[PDB]
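Visitor: Before we start, here is the structure in question, set down as structure tokens.
Residue numbers (UniProt numbering): 61 to 151.
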């Protein structure tokens with residue numbers, strides 16, 4: 061798996077992609093691995109096109125989601141500020 065970064069400007073509505081995974085929501089095979097599930101068209105994510113669904117969030121702005129709850133990961137994207145460089149995994 062390769063770790064990539066995606067700078068996304070949290071539009072007036074938000075970043076632009078929903079993630080599934082975390083220490084509270086094992087979206088994966090019963091693991092805290094945070095990974096995206098779908099990017100919403102018309103948002104900073106879909107408008108930019110630098111991120112791809114299923115991407116396993118590794119970092120967010122300056123946060124390590126290696127041991128954070130799915131809500132923390134989600135909140136991360138929301139706390140990233142505006143144009144945040146998100147780190148994700150790619151297999």
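The C-beta atom is built at its ideal place from N, Cα and C for all residues, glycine as well.
Should residue 153 and residue 146 be called a contact, given that it needs their Cβ atoms to be closer than 8 Å?
Guide: Nothing can be reported for residue 153, as the shown portion of the chain is limited to 61 through 151.
Visitor: Determine the contact status of residue 79 and residue 128, defining contact as a CB-CB distance below 8 Å.
Guide: It is not a contact, given that the beta carbons lie outside the stated cut-off.
Visitor: Under a Cβ-count criterion, where at least 16 other Cβ atoms within 10 Å of its own Cβ denotes burial, should residue 93 be classed as buried or exposed?
Guide: Per the 10 Å Cβ criterion, buried.
Visitor: CB residue 130 to CB residue 85, shorter than 8 Å?
Guide: Against a cut-off of 8 Å, the Cβ pair of residue 85 and residue 130 comes out as a contact.
Visitor: Does the Cβ-Cβ distance between residue 99 and residue 114 come in under 8 Å?
Guide: Their beta carbons are not under 8 Å apart, which means residue 99 does not touch residue 114 by this criterion.
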